[PDB]
Chemist: 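Got a structure for you, questions after.
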Amino acid sequence: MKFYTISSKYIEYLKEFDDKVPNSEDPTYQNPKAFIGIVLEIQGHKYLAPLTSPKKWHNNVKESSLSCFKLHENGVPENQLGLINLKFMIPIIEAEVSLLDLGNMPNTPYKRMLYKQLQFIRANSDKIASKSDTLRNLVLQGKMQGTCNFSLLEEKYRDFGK
RNA sequence: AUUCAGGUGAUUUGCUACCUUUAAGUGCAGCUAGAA
Ligand SMILES: [Co+2]
Ligand SMILES: [Co+2]
Ligand SMILES: [Co+2]
Ligand SMILES: [Co+2]
Ligand SMILES: [Co+2]
Ligand SMILES: [Co+2]
């Protein structure tokens, strides 16, 4: 899995169909919204999930949760690093998506954080993919709500270029 | 941004483990010290 950004035009397009699709741009944002690198690939779709910074309510999400996967530094639990918001993952088109170029990125603190995140994500990549798969299954079955409408998004997204 | 998914224990509070590919109650705490 890897860090991506997604183009606004694409986000705005999907937002037409489901407003739960994550916000991509904001003046308050110090860096572009980052997503995680192919969390589910099924039925010919590729999903990315948005990362989000710590908020108070996160304290109540249990490891067993399908909506959220909490991030923290390997071996250092008190260093919370936000969470992957699986319930707002979205199918993507490769041309509307773009890997962060960490190699050319200046050595800021944010970069350091990205690397504490990556190491944790990588060590848990399977857990993450498995939660994504079960999340979407439950949503197809009508067993879970308050997530992006995966069927609807899956239905319109390849029409973006039109 | 979008403010805690449901469930597995003849009992089950917290966290955790487990199941959700239809199956699945483990572990640490807490509480208990009972009697065949
Ligand atoms: Co780490
Ligand atoms: Co750890
Ligand atoms: Co639950
Ligand atoms: Co099932
Ligand atoms: Co059924
Ligand atoms: Co178990």
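Per chain, numbering begins at 1; letters A, B, ... match sequence-line order.
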Chemist: Compare side-chain N and O positions of A/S65 against OP1 and OP2 of B/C4 and report whether any pair is under 4.0 Å apart.
Modeler: no
Chemist: Would you mind classifying the nucleic acid contact of A/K62 as base, sugar-phosphate or nothing, using non-hydrogen atoms under 4.0 angstrom?
Modeler: base
Chemist: Encode nucleotides 18-25 of chain B as B, S and - characters from 5' to 3', where the letter depends on protein heavy atoms closer than 4.0 Å: B to the base, S only to sugar-phosphate, - to neither.
Modeler: B-BS----
Chemist: I need the CD-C1' distance between A/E63 and B/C28, as an integer number of Å.
Modeler: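 Atom-to-atom, A/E63 to B/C28, this comes out as 15 Å.
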Chemist: Pairing status of B/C19 with B/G6 is requested, where a pair means Watson-Crick or G-U wobble geometry with both distances under 3.5 Å.
Modeler: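 B/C19 and B/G6 meet the Watson-Crick or G-U wobble geometry.
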Chemist: Apply side chain to side chain contact (heavy atoms under 4.5 Å, CB included) to A/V139 and A/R136, showing your working.
Modeler: CA-CA 5 Å; A/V139 168; A/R136 173 183 182 271; 5.7 Å; no
Chemist: Mind checking the CZ-CD1 spacing from A/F150 to A/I42? Nearest 0.5 Å is all I need.
Modeler: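 Spacing of CZ (A/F150) from CD1 (A/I42) equals 11.5 Å.
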Chemist: If you look at every strand shown and take non-hydrogen atoms under 4.0 Å, does A/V139 touch a base, only sugar-phosphate, or nothing?
Modeler: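 Answer is nothing: A/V139 stays at 4.0 Å or more from every strand.
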Chemist: May I ask you to say what A/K131 touches in the nucleic acid, namely base, sugar-phosphate or nothing, with a heavy-atom cut-off under 4.0 Å?
Modeler: nothing
Chemist: Is the base of B/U2 stacked against the aromatic ring of A/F88, taking ring centres under 5.5 Å apart and planes under 30° as the test?
Modeler: yes
Chemist: Report yes or no: do B/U12 and B/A24 constitute a Watson-Crick or wobble pair with both atom distances shorter than 3.5 Å?
Modeler: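 They are not paired, because the relevant distances do not both stay under 3.5 Å.
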Chemist: A side-chain contact here means heavy atoms from C-beta on lying under 4.5 Å apart; do A/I90 and A/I6 qualify?
Modeler: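 Sidechains of A/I6 and A/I90: in contact.
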Chemist: With rounding to whole Å, what would you report as the distance between B/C15 and B/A5 at their P atoms?
Modeler: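 Straight-line distance between the two P atoms is 12 Å.
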Chemist: May I ask whether B/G14 and B/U26 qualify as a Watson-Crick or G-U wobble pair, both distances being under 3.5 Å?
Modeler: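 The answer is no: B/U26 does not partner B/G14.
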Chemist: May I ask you to verify if any side-chain N or O of A/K70 is less than 4.0 angstrom from the OP1 or OP2 atom of B/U16?
Modeler: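 For B/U16, OP1/OP2 do not have a side-chain N/O of A/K70 under 4.0 Å.
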Chemist: Might you work through the ring pair (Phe, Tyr, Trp, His ring centres under 6.0 Å) test for A/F120 and A/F69, ending with a clear yes or no?
Modeler: CA-CA 11 Å; A/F120 183 73; A/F69 180 79; 5.8 Å; yes
